[PDB]
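Asks: Experimental structure below, sequence on top.
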Amino acid sequence: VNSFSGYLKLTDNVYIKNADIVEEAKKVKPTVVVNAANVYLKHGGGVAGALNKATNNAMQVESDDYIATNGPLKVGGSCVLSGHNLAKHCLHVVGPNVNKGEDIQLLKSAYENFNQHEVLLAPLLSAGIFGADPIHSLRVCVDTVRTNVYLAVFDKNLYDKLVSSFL
Ligand SMILES: Cc1c[nH]c2ncnc(NCC3(O)CCSCC3)c12
Ligand SMILES: [Cl-]
């Protein structure tokens, strides 16, 4: 039993809700919140910009130190940093950005990072401003993630389409 509430159950391990991931994290304080990161951990917009804003820019300050030490992430890769006031940890995961020409096949590699964590609150990787088809992202999620994932979909119209079209 966990404290996630109001989710529709898609499979044994994948759950979904129309919710603002920022407000969800603040309520649940999950062990892991996933950020839709880029390789530079520049949290300017989309999910990343919203999560960072909710931390009063502390996420960005921490991220800049991470990059200065370690260099950029790989597309498909991740790192674990603090969850600040939102979660114990933030798993920064880089899905391919179609608006940069990145290979959509890397979306599966991106979701594989979730399997290192027993339970996660997450957005759909590569959705929104990363330009991929969210229906495809949900399919890859269900077919790749084996741990317990609670997906927050900000857009109500999109949430309804994802549910109604789910096979
Ligand atoms: C931008 C943003 C702020 N807070 C959020 N919580 C969750 N998801 C988000 N954007 C990604 C999205 O859910 C992918 C699937 S379709 C709708 C968009 C956001
Ligand atoms: Cl977005």
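Replies: Arrived safely. Numbers count the residues shown, from 1 in each chain. Ligands and ions are numbered 1, 2, ... in the order given.
Asks: how about the biggest helix by length in the chain, does it get close to ligand 1?
Replies: Longest helix in the chain, counting residues (DSSP state H): helix 58-70. No: applying CB under 6 Å from any ligand atom, one finds helix 58-70 separated from ligand 1 by no less than 13.6 Å. Just so you know, the C-beta spots here come from the backbone N, C-alpha and C atoms, and that holds for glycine as well.
Asks: Could I get the buried residue list for that helix?
Replies: Neighbour-count burial for helix 58-70, counted by 16 or more other CB atoms under 10 Å, picks out 59-60, 62-63, 66.
Asks: Just name whatever secondary elements it is in contact with.
Replies: helix 46-54, strand 78-82 (3 or more CB pairs under 8 Å, 6 or more residues apart in numbering; DSSP states H and E).
Asks: Between these, which one is closest to residue 127.
Replies: helix 46-54 (8.7 Å; CB to CB).
Asks: just how off-centre is that closest one within its chain?
Replies: 11 Å (CA atoms, centre = their mean, to the nearest Å).
Asks: Then stretch 87-94?
Replies: Centroid separation between stretch 87-94 and its chain, computed with CA atoms, centre = their mean, is 8 Å.
Asks: ok, and what's touching that stretch?
Replies: 25, 29-39, 41, 51, 59, 63, 73-84, 110-111, 113-114, 117, 120-121, 125 (CB atoms under 8 Å, 6 or more residues apart in numbering).
Asks: which among those end up buried?
Replies: Here, 16+ other CB under 10 Å leaves 25, 30-39, 41, 51, 59, 63, 73, 75-79, 81, 83-84, 110-111, 113-114, 117, 120-121, 125 buried among those.
Asks: among those, which are in helices?
Replies: Using DSSP H, these in helices are 25, 51, 59, 63, 110-111.
Asks: ok and the residue in this protein nearest ligand 2?
Replies: The minimum distance from the chain to ligand 2, using CB to the ion, falls at residue 128 (2.1 Å).
Asks: what does the chain have sitting close to ligand 2?
Replies: Residues of the chain lying near ligand 2 by CB under 5 Å from the ion: 46, 128-129.
Asks: Swap in 6 Å and give it another go.
Replies: 46-47, 128-129 (CB under 6 Å from the ion).
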